[PDB]
Structure formats: C-alpha cells, structure tokens
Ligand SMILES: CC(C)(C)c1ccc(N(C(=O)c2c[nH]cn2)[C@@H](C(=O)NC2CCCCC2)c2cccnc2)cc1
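Given next, in structure tokens, is a single chain: the form solved without the named molecule.
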C-alpha cells in the first residue's frame, strides 16, 4: 500500500546468490558481490552456526551468482563480519559512484524490494529506535539493500532477517548488524512488537479521507494509560505536532483520533480495507495526499 519507485541505477547492481538450497539477493559492485553470510547455512546450521567452520567446508563452486539469465563465475570468497564476500570474473558495468556508510534510526532512506530476485520498486523508510524496520515490502526478500543518493550512491543497509513479529533486522554494508541482532535463529524479537502509535493514528487519518468514518468519536496522559495496557507506543506532544497538517485537512483533532483509537483498542473490530490497525505507515507515507 506504500509507494514504489524506479532508480534503475541500483537495480543494475542487484544479483542473486545460491548456496546449497538457498537463494537470496546480493549487491554487485565492481567485481565483488555482497550478501548475508547465512546463505551458506542449511536450516540445521542456523540453530547454532560457527561460520568460520562452515565457510571452511565451502569452495568457490559452492556458490552460484546469477544476474538474471546470466551467470557470474565466482573466483574467490571470504567473510566480512556478517557479510559473505564473493569475487566474480567480471565487474558490474553499471557500477555507480558509491560509498558505504552506517546510519542511525530515524534517518530516512531508499530500499529496493525484490520478489524472487526480481526488483519490485524502491521504498522510503527508516529504522525504528530499536534498529528494526517495519515494512511488508521486505517479506521474502532477504538481501535487499538500503541507500541514499546524492549527486554518488551511499549504501547504508542490507536486509538479513525477518523477525516473527513482522519486523526486519539488517546490517550495514560492512556486515555489522544494526542493533543487538544476530544471524542465527533464536528468540530475539523481545520488545520488537510494541505497536507504533504515531503510524496507527496517521493510518486512521488516511482512512477518514477515504470514506471511513464509522470509527470516529480524551487527553494525552489519560490516553497513554491505554497505550500502556495495549502495548502501544506512548504518544508525545511532538507526535501530535507532526499530525498537525493531517489534522488540518481531515478536520478531526488529534486527541479526538486518540479517543477513536482508544475505543477500537478497548472494543475491537474494516478500515481502509484492513481488518487490523496498520502501523507500518508513517505520517509521511500518508502525506502523499
């Protein structure tokens, strides 16, 4: 439901890496291909892997690099933190002026989503304060990359894991995970599912300006008590501030949206087609109106 885009510049950099029975997206710059190192793991390896050892039990032929119907013969491999590095026998002719950089939560950036290796548009987003990312466009697209363009492509992220809570964890282009997340499978989603109130509210406003109103018709402090009980994020004045422009058009005040939300929370449910309160959309995604 978000808004995709082009950027053929980055789509030319995408390739896929296969090892054993796994295939994920990889980034192809010059004659190097980058992708999550877990690609080399079998389902069982993931329960507790020693990557240094598993890598030893591999060779350049264990990996197949595909650029569509084209193959990139691997001539070398190594490991950089949580990234698997591969050397191919030819460099990407469409490599842009690039640099790898590490960012912080809140900073917006572009992500090129893929469906079975096939690019499906780039989306705007940012990592939550806990360094995870909320966005359906990352489901079933391990390895996609995040970036920012300025004149030079600044790569700042690579998708690695989809948490069971519907949130994703990734690394920077140096293979260092953003946050406490690891690349083995255990329970690490703790505190990763508190519902983002600001987004739910904006999502409600997007609903108003679309015919949805049956859910319409409290104070901050009072409201947050309900926020606490239902594991929603505490609404701040700054959050109300942001929803100002949205409150403007719609004509419904923020606290009156909270009163609306508070009801939906205490007395559950279709809104915008969805039968659930969506929280993956920022006020900004909605300002597309």
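Positions refer to the first chain, counted from 1.
Not on display, but discussed next: the form deposited with the named molecule bound.
Student: Of the options 90, 139, 108, 104, which one has a non-hydrogen atom that comes within 4.5 Å of the named molecule in the deposited bound form?
Tutor: None of the other options qualify; the answer is 139.
Student: Given that the named molecule is left out here, which of 198, 173, 161, 74 has a heavy atom within 4.5 Å of it in the deposited bound form?
Tutor: Only one listed residue qualifies here, and that residue is 161.
Student: Hey, in the deposited bound form, does residue 41 get a heavy atom within 4.5 angstroms of the named molecule?
Tutor: Taking the distances in the deposited bound form, the answer for residue 41 is yes, it comes within 4.5 Å of the named molecule.
Student: Can you tell me whether residue 277 touches the named molecule? I mean in the deposited bound form, with a 4.5 angstroms heavy atom cut-off.
Tutor: No, residue 277 sits far enough from the named molecule in the deposited bound form that none of its heavy atoms falls within 4.5 Å.
Student: Residue 220: heavy atom within 4.5 Å of the named molecule in the deposited bound form?
Tutor: Flag for residue 220 set to no.
Student: Is residue 46 close enough to the named molecule in the deposited bound form to count, meaning some heavy atom within 4.5 Å?
Tutor: Yes - in the deposited bound form, heavy atoms of residue 46 and the named molecule come within 4.5 Å of each other.
Student: Pick from 230 to 238, 248 to 256, 33 to 41, 62 to 70: which stretch has non-hydrogen atoms within 4.5 Å of the named molecule in the deposited bound form?
Tutor: Only one stretch qualifies here: 33 to 41.
Student: Would you give me the residues of 179 to 194 that have any heavy atom within 4.5 Å of the named molecule in the deposited bound form, in order from first to last?
Tutor: Contacting residues: 183, 184, 185.
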